[PDB]
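We've got the same protein chain twice here, in two forms, each standing alone as structure tokens: structure 1 and structure 2.
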Structure 1
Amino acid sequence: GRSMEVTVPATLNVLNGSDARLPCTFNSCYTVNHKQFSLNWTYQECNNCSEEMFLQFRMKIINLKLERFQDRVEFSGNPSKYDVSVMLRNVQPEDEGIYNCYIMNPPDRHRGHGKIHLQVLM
């Protein structure tokens, strides 16, 4: 194969203060199991600097409570239906950046990538 077809829009902007739904939904043939499924979320403000991780799914959901932005992230998806979008609270002007969803659903061998530009529109 080539990759995993992940249905994520190019960009989406939320009004300030209101709750934001960060989308990460994939369309995989394989019936996902909660023992081998791998997922992670990455946030970037650079162009060519090191990247840090803040949300993982490995046999269970893990929120590391990243100290940079906030504890705003929350699990609001459902892996069994191949939609693992997350919940974001208290959107602030410092939240603008690029967010990347990394997916690895056994027995597939392709790491699905989803890019989104987290901006704010009036």
Structure 2
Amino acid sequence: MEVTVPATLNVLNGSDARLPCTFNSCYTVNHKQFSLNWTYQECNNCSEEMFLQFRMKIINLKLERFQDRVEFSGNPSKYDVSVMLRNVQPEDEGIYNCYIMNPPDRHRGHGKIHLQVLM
């Protein structure tokens, strides 16, 4: 399961941020097992934090500083799990993680994206 992501992402402050995570899995994705793990971490030393996932339906945990700004904007059936960042601020600058597990393919996918904000 290769993951197609842009390593570095520069988005203008206050604009919309398209954060594309995609994969090419040869097996038909079926919603009754396929899982998406959406996590982010700032500095390597500081801890990873989870904000979105997908077990049966799209789950948003509505976090502090991630409140009312993140919604799922992709559809897993066509291998697109992109998300949007509404009206980016300087704060969300950091390193974004999309973890994909698509059974019955055993290999657990992993995309990494660096998001930077320009004034």
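We call the rigid core the largest set of C-alpha positions that still match within 1.5 Å between the two forms. Please note that residue numbering is based on structure 1, beginning with 1 at the start of its sequence.
Compared between the two structures on the core, the listed residues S76, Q36, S28, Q70 keep their C-alpha shifts below 2 Å, save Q70.
For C46, the Cα shift between the two structures is 2.9 Å when the rigid core is held fixed in the overlay. Core fit done between the two structures; CA of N16 shifted by 0.9 Å.
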